[PDB]
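These notes are about the structure you will find just below.
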Amino acid sequence: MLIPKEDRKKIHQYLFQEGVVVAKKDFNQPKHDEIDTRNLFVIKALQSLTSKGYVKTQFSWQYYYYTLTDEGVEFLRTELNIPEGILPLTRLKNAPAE
Amino acid sequence: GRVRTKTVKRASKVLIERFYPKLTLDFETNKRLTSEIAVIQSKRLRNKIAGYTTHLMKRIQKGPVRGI
Amino acid sequence: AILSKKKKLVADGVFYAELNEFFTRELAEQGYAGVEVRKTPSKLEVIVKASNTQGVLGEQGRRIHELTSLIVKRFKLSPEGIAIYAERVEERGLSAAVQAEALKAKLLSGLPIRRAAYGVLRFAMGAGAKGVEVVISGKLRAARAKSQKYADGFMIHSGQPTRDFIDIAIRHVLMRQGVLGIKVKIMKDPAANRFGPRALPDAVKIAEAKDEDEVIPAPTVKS
Amino acid sequence: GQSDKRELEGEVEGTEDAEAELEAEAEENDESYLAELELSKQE
Amino acid sequence: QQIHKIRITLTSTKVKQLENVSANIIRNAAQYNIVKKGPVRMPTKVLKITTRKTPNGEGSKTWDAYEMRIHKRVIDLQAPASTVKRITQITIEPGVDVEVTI
RNA sequence: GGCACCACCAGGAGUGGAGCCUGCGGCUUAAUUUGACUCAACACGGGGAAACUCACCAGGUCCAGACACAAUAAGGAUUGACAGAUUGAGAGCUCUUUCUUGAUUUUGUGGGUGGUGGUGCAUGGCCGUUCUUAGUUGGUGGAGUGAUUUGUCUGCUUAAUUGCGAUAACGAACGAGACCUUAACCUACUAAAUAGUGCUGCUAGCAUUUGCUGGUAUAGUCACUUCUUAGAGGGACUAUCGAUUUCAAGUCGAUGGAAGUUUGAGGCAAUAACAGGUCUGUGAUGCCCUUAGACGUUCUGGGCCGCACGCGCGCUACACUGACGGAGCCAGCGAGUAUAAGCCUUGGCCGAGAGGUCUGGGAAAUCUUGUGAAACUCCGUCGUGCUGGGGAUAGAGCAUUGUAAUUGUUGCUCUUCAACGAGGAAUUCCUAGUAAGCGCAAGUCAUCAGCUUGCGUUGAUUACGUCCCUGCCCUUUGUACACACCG
Ligand SMILES: [Mg+2]
Ligand SMILES: [Mg+2]
Ligand SMILES: [Mg+2]
Ligand SMILES: [Mg+2]
Ligand SMILES: [Mg+2]
Ligand SMILES: [Mg+2]
Ligand SMILES: [Mg+2]
Ligand SMILES: [Mg+2]
Ligand SMILES: [Mg+2]
Ligand SMILES: [Mg+2]
Ligand SMILES: [Mg+2]
Ligand SMILES: [Mg+2]
Ligand SMILES: [Mg+2]
Ligand SMILES: [Mg+2]
Ligand SMILES: [Mg+2]
Ligand SMILES: [Mg+2]
Ligand SMILES: [Mg+2]
Ligand SMILES: [Mg+2]
Ligand SMILES: [Mg+2]
Ligand SMILES: [Mg+2]
Ligand SMILES: [Mg+2]
Ligand SMILES: [Mg+2]
Ligand SMILES: [Mg+2]
Ligand SMILES: [Mg+2]
Ligand SMILES: [Mg+2]
Ligand SMILES: [Mg+2]
Ligand SMILES: [Mg+2]
Ligand SMILES: [Mg+2]
Ligand SMILES: [Mg+2]
Ligand SMILES: [Mg+2]
Ligand SMILES: [Mg+2]
Ligand SMILES: [Mg+2]
Ligand SMILES: [Mg+2]
Ligand SMILES: [Mg+2]
Ligand SMILES: [Mg+2]
């Protein structure tokens, strides 16, 4: 897929810091309402990430549920050239409740 | 037809062998008695059981009945 | 926005139906039984019942935290407006959903059907079920497909009580040669029911004879 | 299980699976730096 | 903004919890000397959907007839606004939704 | 032997005969996509297709071919592109044309991925059918070496293997019945300004007797729950009395009753089974096929409607128990929206109509709505005549929906005014608020309902019996069948 580097970037800082992404299955949608780029870009950009074992993908009721692997946090640790302060938000150890 | 079933026929004749002195020939009195004697899940079965018990009671006074 | 009463109660049901299937697909490996949506002021409490509440609440509750985020981003909910709790099912043997998912994880491991089928027959009865019947249909090495029923104990079939004391779960099992369909019908004991009727409609319980006392002619006991 | 065997060893092997699990399961119950800040500290 | 004529609208699919919440509010509006009007049983609405049984189009023409009963009750209270809202939290039920209109 | 209006008897309405609607075969076709062929294929795939739907046909785009490699590659791997040509097209599709972007990406290898592509005779699930008929099963005991058998039956009775009863059986389970939903009763409870009423304020018209019809009334800060709504209950259990009967299960009459056909109607529904139908419901599937000149997907246009014919579900009718023309004027089941992508729409004003316009109400017991529906009833015209029955076919014209109406979407106006004068052999549905008419609402739906799913208005004739036909069940029997006569 041909994604501009800048638009692919916004796709990467949404799949990090809130390391889960939800995308409705419509390829011609102008705006996925949470990543200011084409909706098709979001699907195909994360299809590569799940293709390279960085996100699990689940599909239910014409909707994509993307979740970031622990191995994928390390990939964005280096490729994004970001500080080594990790834990996007769903990994911040907010701890459950009993 | 109005053929009573086995769940009402056998359950009614157990009452007579167990509570004959308290029973009577009146359906209305019998209907109230069986609500405190048996645990019936539905109101319709309660009247059905008492209505056949009354028939058996009405038949016992004319002679001996089979199964009681 | 402004939604009619007819269209609002349906939306809550449709939301439940879509949310329930989402857990079945995602938490299939953890014996997902069901979900309860407890609406409350300033919060949307969601109670999920699974055999294993460690797979959902694993590695400092990372998965459940990363799983509630997938629902805020799909239903446009406020991040504080929803709270998810994972609760263990008390009687795992009485849940046909847990028993059907457990059977699939065994059938997919190559275990023989007879050993797998009898593993849920005895597990259901051990938990105290009144009856259980398991049907497995599909193809196994043979080109022709077949179905086998494994009953046990007492089972009711017709009328309303089947909607009250019986829960059912069907799942499709993905095999290398096709699809295996399993049906797990479990009838719970009506005496333990805590919300509906506590007995079958035709169960008549006659009390015992309180008679056989001795009557004395005619005294008066004063107080 | 189309044999007189492997269903014999399906029940005795199947039932010992449950007996091991009811007791195991009845024991299981009786004994019961952030990120967005790093994106704003560019002052 | 003190004592007002206040409407609470109760809608749900199941009547047992609806009458418990309805009776519980009436109970709390009795020991508290608050004049009340209700509950008013609105005519229940039967949402019916009739589909074909066959996923395909083969067999006898057999139909399912699904139903979704909606029961709606409105209760009128004469109390200050602070009192009525806290009553709602006393009688909160997952099945029944509540809307309050002045 | 037994049961059954998907069987018959007595009958009712019919269909088959006509025109037209629609489905099927056939023919035709550039394609007229396809499944289904007795019941259990043929107004069925919720399949009422202008585009989409769409799978077909004639053409035109895109990759939305992830990923590991290898090649190429900054001295630029590649993407977008004005203008002209080309094209159906203001598709940079392609061709002249040099601009722009920059390692996302181009080629080969593997690997994918997507298919309304094939296989429902490889499968899951679902559904239909045997069959909603009344059938099925185990414990102990008896018989047998055994597989098995009795129990599960001569008779009566029931809607019913449902009961009485006979009894090497006794006592039980599933199914049936129980159960659940709905309709009919409650002046007995609980309340209701989103329901109704009497009074009461204020107020109108007509005769004046103080009466009779109304409007108004969300402050009359009234009264009440019969009508309306719905929750807790009550109420029918064949109750009482006559007959028959093995005096048993029951059945038929009366009386009371709201209800005495399981009170009426449904929902659920056993043990197994079918090569029944669906991979054209599924991001349900195994395998096969295809995968860049696609069988993916998209755009444009056509087709699914195409017409010498056979068949099925239906709608109008053939008139006077009627057509028109005025007038009277009564239901129930339901549905309804927002920054949309536009819902139900009263009321006012235009218009012969269809329809248009301006406001307002309603996310609804509040408004549309008492949905003032149609049959129906009254009074007239017509007068047995292919007539004022019938309204195809067609010409000209007016509106609506939609990007788009041509192969007329639908509606309206004038005109043309066809077969049909009650239908052969055959054949369907049906027993009481039933059949038949008669409309209305919901589903499909931008538009289109001669279709279904329901609802109510008017409302019968004739049995309440049988095995004569037909189908199914049971018992006995024969068997060289057991993949079970498709043997
Ligand atoms: Mg039963
Ligand atoms: Mg039943
Ligand atoms: Mg006939
Ligand atoms: Mg006849
Ligand atoms: Mg006709
Ligand atoms: Mg088309
Ligand atoms: Mg097209
Ligand atoms: Mg075609
Ligand atoms: Mg295709
Ligand atoms: Mg099948
Ligand atoms: Mg035996
Ligand atoms: Mg024996
Ligand atoms: Mg039986
Ligand atoms: Mg039963
Ligand atoms: Mg008022
Ligand atoms: Mg007045
Ligand atoms: Mg009934
Ligand atoms: Mg088949
Ligand atoms: Mg076949
Ligand atoms: Mg398919
Ligand atoms: Mg498919
Ligand atoms: Mg579909
Ligand atoms: Mg193509
Ligand atoms: Mg067609
Ligand atoms: Mg044509
Ligand atoms: Mg039909
Ligand atoms: Mg007239
Ligand atoms: Mg109204
Ligand atoms: Mg005409
Ligand atoms: Mg004429
Ligand atoms: Mg016939
Ligand atoms: Mg059309
Ligand atoms: Mg319609
Ligand atoms: Mg149709
Ligand atoms: Mg033989």
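Ordering of the structure tokens sets the chain letters (A, B, ...); residue numbers start at 1 within each chain; ligands are numbered from 1 in the order shown.
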Expected selection as a ChimeraX atom specification for ligand 18 within 7 Å, only C-alpha atoms (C1' of nucleotides) and all ligand atoms: /F:120,275-277
Spatial neighbours of residue 92 of chain E, max dist 8 Å, only C-alpha atoms (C1' of nucleotides), sep filter under 4 positions, as a count of residues only: 4
Nearby residues (only C-alpha atoms (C1' of nucleotides)) at most 9 Å from residue 89 of chain C, same-chain spacing under 5 positions excluded, as a list in words: residues 33, 49, 50, 51, 52, 53 and 95 of chain C
Saved selection, atoms kept: C-alpha atoms, as an mmCIF file, in the first residue's frame:
```cif
data_model
loop_
_atom_site.group_PDB
_atom_site.id
_atom_site.type_symbol
_atom_site.label_atom_id
_atom_site.label_comp_id
_atom_site.auth_asym_id
_atom_site.auth_seq_id
_atom_site.Cartn_x
_atom_site.Cartn_y
_atom_site.Cartn_z
ATOM 1 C CA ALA C 33 -20.234 -18.046 29.305
ATOM 2 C CA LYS C 49 -18.690 -14.717 33.177
ATOM 3 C CA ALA C 50 -15.815 -16.970 32.091
ATOM 4 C CA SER C 51 -14.294 -20.217 33.309
ATOM 5 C CA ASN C 52 -10.849 -18.569 33.454
ATOM 6 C CA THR C 53 -10.673 -14.996 34.767
ATOM 7 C CA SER C 95 -22.774 -23.842 32.005
#
```
Backbone DSSP call of helix (DSSP H, G or I) for chain D, listed as a PyMOL selection string: chain D and resi 8-30+37-39
Separation of atom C1' of residue 158 of chain F from atom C1' of residue 262 of chain F in Å: 10.8 Å
Interface residues on chain D facing chain A, 7 Å, only C-alpha atoms, written as JSON, numbers by chain: {"D": [33, 34, 35, 36]}
List all protein, DNA and RNA residues that have an atom no more than 7 Å from any atom of ligand 9, counting only C-alpha atoms (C1' of nucleotides) and all ligand atoms, and report them as a PDB file with N, CA and C atoms (P, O5', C5', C4', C3', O3' and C1' of nucleotides), in the first residue's frame.
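So the final result, stored in result-v1.pdb, reads:
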```
ATOM      1  P     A F  55     -21.997  -8.653  -9.685  1.00  0.00           P
ATOM      2  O5'   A F  55     -22.508 -10.016 -10.319  1.00  0.00           O
ATOM      3  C5'   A F  55     -21.672 -11.150 -10.400  1.00  0.00           C
ATOM      4  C4'   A F  55     -22.444 -12.424 -10.191  1.00  0.00           C
ATOM      5  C3'   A F  55     -23.037 -13.095 -11.417  1.00  0.00           C
ATOM      6  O3'   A F  55     -22.052 -13.809 -12.145  1.00  0.00           O
ATOM      7  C1'   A F  55     -24.550 -13.189  -9.577  1.00  0.00           C
ATOM      8  P     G F 115     -14.762 -12.417  -0.025  1.00  0.00           P
ATOM      9  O5'   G F 115     -15.308 -12.229  -1.499  1.00  0.00           O
ATOM     10  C5'   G F 115     -16.198 -13.185  -2.017  1.00  0.00           C
ATOM     11  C4'   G F 115     -16.108 -13.281  -3.512  1.00  0.00           C
ATOM     12  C3'   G F 115     -16.806 -14.499  -4.075  1.00  0.00           C
ATOM     13  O3'   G F 115     -18.188 -14.279  -4.246  1.00  0.00           O
ATOM     14  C1'   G F 115     -14.621 -14.356  -4.967  1.00  0.00           C
ATOM     15  P     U F 116     -19.181 -14.372  -2.988  1.00  0.00           P
ATOM     16  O5'   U F 116     -20.580 -14.641  -3.690  1.00  0.00           O
ATOM     17  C5'   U F 116     -20.770 -15.813  -4.469  1.00  0.00           C
ATOM     18  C4'   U F 116     -21.669 -15.562  -5.649  1.00  0.00           C
ATOM     19  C3'   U F 116     -21.372 -14.267  -6.404  1.00  0.00           C
ATOM     20  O3'   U F 116     -21.600 -14.516  -7.790  1.00  0.00           O
ATOM     21  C1'   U F 116     -23.611 -14.260  -5.667  1.00  0.00           C
ATOM     22  P     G F 296     -15.664 -11.414 -10.131  1.00  0.00           P
ATOM     23  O5'   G F 296     -14.701 -11.141  -8.900  1.00  0.00           O
ATOM     24  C5'   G F 296     -14.731 -11.918  -7.714  1.00  0.00           C
ATOM     25  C4'   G F 296     -13.874 -11.246  -6.681  1.00  0.00           C
ATOM     26  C3'   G F 296     -14.276  -9.808  -6.448  1.00  0.00           C
ATOM     27  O3'   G F 296     -15.318  -9.712  -5.503  1.00  0.00           O
ATOM     28  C1'   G F 296     -11.954  -9.907  -6.866  1.00  0.00           C
TER      29        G F 296
END
```
Environment of ligand 21 within 10 Å, counting only C-alpha atoms (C1' of nucleotides) and all ligand atoms, reported as a VMD selection string: chain F and resid 115 to 117 279 to 285
Resulting file, chosen residues, C-alpha atoms (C1' of nucleotides), as a PDB file, in the first residue's frame:
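Output file selection.pdb is given in full below:
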```pdb
ATOM      1  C1'   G F 115     -14.621 -14.356  -4.967  1.00  0.00           C
ATOM      2  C1'   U F 116     -23.611 -14.260  -5.667  1.00  0.00           C
ATOM      3  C1'   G F 117     -17.027 -19.141  -8.959  1.00  0.00           C
ATOM      4  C1'   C F 279     -21.654 -23.020   0.525  1.00  0.00           C
ATOM      5  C1'   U F 280     -26.793 -16.838  -3.594  1.00  0.00           C
ATOM      6  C1'   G F 281     -27.394 -15.182   4.786  1.00  0.00           C
ATOM      7  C1'   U F 282     -23.031 -15.141   7.051  1.00  0.00           C
ATOM      8  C1'   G F 283     -15.406 -12.170   8.254  1.00  0.00           C
ATOM      9  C1'   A F 284     -19.625 -20.620   8.764  1.00  0.00           C
ATOM     10  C1'   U F 285     -16.751 -23.943   6.275  1.00  0.00           C
TER      11        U F 285
END
```
Contact residues around residue 64 of chain E with only C-alpha atoms (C1' of nucleotides) at 8 Å, ignoring same-chain residues under 2 positions, as an MDAnalysis selection string: chainID E and resid 50:53 62 66
Exercise: residue 17 of chain C partners within 12 Å, only C-alpha atoms (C1' of nucleotides), chain neighbours under 4 positions left out, as a ChimeraX atom specification: /A:60-61 /C:10-13,21-24,34-37
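Atom to atom, atom CA of residue 27 of chain B and atom CA of residue 51 of chain B stand 6.1 Å apart.
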Contact set, chain B to chain F: 12 Å, only C-alpha atoms (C1' of nucleotides), as a PyMOL selection string: chain B and resi 1-10+25-28+30-31+40-56+59+62-67
Nearest residue to chain E from the set F:452, F:148, F:96, F:86 (distances using only C-alpha atoms (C1' of nucleotides)):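 The answer is F:452, which sits nearest to chain E.
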I want to know what sits within 9 Å of residue 442 of chain F, based on only C-alpha atoms (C1' of nucleotides), with residues of the same chain fewer than 4 positions away left out; could you give that as a PDB file with N, CA and C atoms (P, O5', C5', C4', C3', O3' and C1' of nucleotides), in the first residue's frame?
```pdb
ATOM      1  P     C F 333     -56.391  -2.670  18.801  1.00  0.00           P
ATOM      2  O5'   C F 333     -55.355  -3.448  17.884  1.00  0.00           O
ATOM      3  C5'   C F 333     -55.389  -4.861  17.762  1.00  0.00           C
ATOM      4  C4'   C F 333     -54.470  -5.291  16.654  1.00  0.00           C
ATOM      5  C3'   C F 333     -53.131  -4.589  16.657  1.00  0.00           C
ATOM      6  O3'   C F 333     -52.233  -5.103  17.621  1.00  0.00           O
ATOM      7  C1'   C F 333     -53.982  -4.651  14.457  1.00  0.00           C
ATOM      8  P     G F 334     -51.073  -4.148  18.175  1.00  0.00           P
ATOM      9  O5'   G F 334     -50.115  -3.978  16.923  1.00  0.00           O
ATOM     10  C5'   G F 334     -49.204  -2.902  16.862  1.00  0.00           C
ATOM     11  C4'   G F 334     -48.991  -2.482  15.436  1.00  0.00           C
ATOM     12  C3'   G F 334     -48.078  -1.289  15.241  1.00  0.00           C
ATOM     13  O3'   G F 334     -46.728  -1.684  15.231  1.00  0.00           O
ATOM     14  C1'   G F 334     -50.041  -1.018  13.947  1.00  0.00           C
ATOM     15  P     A F 335     -45.652  -0.882  16.096  1.00  0.00           P
ATOM     16  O5'   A F 335     -45.090   0.216  15.090  1.00  0.00           O
ATOM     17  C5'   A F 335     -44.737  -0.141  13.764  1.00  0.00           C
ATOM     18  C4'   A F 335     -44.672   1.064  12.860  1.00  0.00           C
ATOM     19  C3'   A F 335     -44.041   2.312  13.462  1.00  0.00           C
ATOM     20  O3'   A F 335     -42.624   2.269  13.423  1.00  0.00           O
ATOM     21  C1'   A F 335     -46.072   2.895  12.412  1.00  0.00           C
ATOM     22  P     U F 453     -49.446 -15.421   4.810  1.00  0.00           P
ATOM     23  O5'   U F 453     -49.042 -14.596   6.107  1.00  0.00           O
ATOM     24  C5'   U F 453     -47.685 -14.499   6.513  1.00  0.00           C
ATOM     25  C4'   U F 453     -47.506 -13.390   7.519  1.00  0.00           C
ATOM     26  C3'   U F 453     -48.654 -13.196   8.500  1.00  0.00           C
ATOM     27  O3'   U F 453     -48.610 -14.116   9.578  1.00  0.00           O
ATOM     28  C1'   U F 453     -48.041 -11.110   7.588  1.00  0.00           C
ATOM     29  P     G F 454     -49.972 -14.607  10.266  1.00  0.00           P
ATOM     30  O5'   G F 454     -50.337 -13.422  11.250  1.00  0.00           O
ATOM     31  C5'   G F 454     -51.667 -12.952  11.350  1.00  0.00           C
ATOM     32  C4'   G F 454     -51.685 -11.505  11.754  1.00  0.00           C
ATOM     33  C3'   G F 454     -53.051 -10.925  12.074  1.00  0.00           C
ATOM     34  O3'   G F 454     -53.467 -11.257  13.393  1.00  0.00           O
ATOM     35  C1'   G F 454     -51.893  -9.462  10.630  1.00  0.00           C
TER      36        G F 454
END
```
Residue neighbourhood segment 2-13 of chain D, 7 Å, only C-alpha atoms (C1' of nucleotides), exclusion window fewer than 2 positions, as a count of residues only: 6
Residues of chain C within 10 Å of chain B, counting only C-alpha atoms, as a PyMOL selection string: chain C and resi 197-211
Write a file of the selected residues as a PDB file, in the first residue's frame, keeping N, CA, C and O atoms.
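File again.pdb, as written:
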```
ATOM      1  N   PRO C 197     -39.631 -20.681  38.641  1.00  0.00           N
ATOM      2  CA  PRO C 197     -40.268 -21.769  39.388  1.00  0.00           C
ATOM      3  C   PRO C 197     -39.229 -22.742  39.913  1.00  0.00           C
ATOM      4  O   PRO C 197     -38.169 -22.936  39.318  1.00  0.00           O
ATOM      5  N   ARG C 198     -39.529 -23.333  41.061  1.00  0.00           N
ATOM      6  CA  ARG C 198     -38.600 -24.240  41.712  1.00  0.00           C
ATOM      7  C   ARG C 198     -38.990 -25.708  41.535  1.00  0.00           C
ATOM      8  O   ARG C 198     -38.443 -26.570  42.231  1.00  0.00           O
ATOM      9  N   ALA C 199     -39.911 -26.007  40.613  1.00  0.00           N
ATOM     10  CA  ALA C 199     -40.313 -27.378  40.303  1.00  0.00           C
ATOM     11  C   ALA C 199     -40.963 -27.427  38.923  1.00  0.00           C
ATOM     12  O   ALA C 199     -41.352 -26.397  38.363  1.00  0.00           O
ATOM     13  N   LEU C 200     -41.063 -28.643  38.375  1.00  0.00           N
ATOM     14  CA  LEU C 200     -41.736 -28.846  37.097  1.00  0.00           C
ATOM     15  C   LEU C 200     -43.246 -28.665  37.249  1.00  0.00           C
ATOM     16  O   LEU C 200     -43.801 -28.912  38.320  1.00  0.00           O
ATOM     17  N   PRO C 201     -43.937 -28.271  36.176  1.00  0.00           N
ATOM     18  CA  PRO C 201     -45.377 -27.967  36.293  1.00  0.00           C
ATOM     19  C   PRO C 201     -46.224 -29.129  36.776  1.00  0.00           C
ATOM     20  O   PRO C 201     -47.224 -28.907  37.470  1.00  0.00           O
ATOM     21  N   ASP C 202     -45.886 -30.357  36.403  1.00  0.00           N
ATOM     22  CA  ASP C 202     -46.688 -31.511  36.781  1.00  0.00           C
ATOM     23  C   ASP C 202     -46.162 -32.223  38.025  1.00  0.00           C
ATOM     24  O   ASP C 202     -46.653 -33.308  38.356  1.00  0.00           O
ATOM     25  N   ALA C 203     -45.198 -31.638  38.732  1.00  0.00           N
ATOM     26  CA  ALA C 203     -44.703 -32.230  39.972  1.00  0.00           C
ATOM     27  C   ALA C 203     -45.666 -31.890  41.104  1.00  0.00           C
ATOM     28  O   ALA C 203     -45.805 -30.722  41.482  1.00  0.00           O
ATOM     29  N   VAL C 204     -46.358 -32.901  41.623  1.00  0.00           N
ATOM     30  CA  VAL C 204     -47.305 -32.741  42.723  1.00  0.00           C
ATOM     31  C   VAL C 204     -46.702 -33.350  43.982  1.00  0.00           C
ATOM     32  O   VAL C 204     -46.378 -34.544  44.004  1.00  0.00           O
ATOM     33  N   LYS C 205     -46.551 -32.538  45.029  1.00  0.00           N
ATOM     34  CA  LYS C 205     -45.976 -32.982  46.299  1.00  0.00           C
ATOM     35  C   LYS C 205     -47.093 -33.037  47.340  1.00  0.00           C
ATOM     36  O   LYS C 205     -47.544 -32.000  47.836  1.00  0.00           O
ATOM     37  N   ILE C 206     -47.550 -34.247  47.648  1.00  0.00           N
ATOM     38  CA  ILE C 206     -48.611 -34.452  48.630  1.00  0.00           C
ATOM     39  C   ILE C 206     -48.008 -34.449  50.030  1.00  0.00           C
ATOM     40  O   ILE C 206     -46.992 -35.109  50.280  1.00  0.00           O
ATOM     41  N   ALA C 207     -48.640 -33.721  50.953  1.00  0.00           N
ATOM     42  CA  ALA C 207     -48.167 -33.721  52.327  1.00  0.00           C
ATOM     43  C   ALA C 207     -48.459 -35.069  52.992  1.00  0.00           C
ATOM     44  O   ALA C 207     -49.210 -35.903  52.477  1.00  0.00           O
ATOM     45  N   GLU C 208     -47.858 -35.274  54.159  1.00  0.00           N
ATOM     46  CA  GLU C 208     -48.019 -36.507  54.916  1.00  0.00           C
ATOM     47  C   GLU C 208     -49.207 -36.445  55.872  1.00  0.00           C
ATOM     48  O   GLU C 208     -49.684 -35.371  56.248  1.00  0.00           O
ATOM     49  N   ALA C 209     -49.700 -37.629  56.241  1.00  0.00           N
ATOM     50  CA  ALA C 209     -50.828 -37.747  57.160  1.00  0.00           C
ATOM     51  C   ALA C 209     -50.412 -37.331  58.572  1.00  0.00           C
ATOM     52  O   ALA C 209     -49.529 -37.953  59.177  1.00  0.00           O
ATOM     53  N   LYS C 210     -51.054 -36.289  59.103  1.00  0.00           N
ATOM     54  CA  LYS C 210     -50.784 -35.772  60.441  1.00  0.00           C
ATOM     55  C   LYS C 210     -51.677 -36.418  61.499  1.00  0.00           C
ATOM     56  O   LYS C 210     -51.611 -36.048  62.676  1.00  0.00           O
ATOM     57  N   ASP C 211     -52.492 -37.390  61.098  1.00  0.00           N
ATOM     58  CA  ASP C 211     -53.508 -38.024  61.929  1.00  0.00           C
ATOM     59  C   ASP C 211     -52.861 -39.098  62.806  1.00  0.00           C
ATOM     60  O   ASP C 211     -51.645 -39.068  63.034  1.00  0.00           O
TER      61      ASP C 211
END
```
Ligand 17 neighbours within 10 Å using only C-alpha atoms (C1' of nucleotides) and all ligand atoms, as a ChimeraX atom specification: /F:262-267
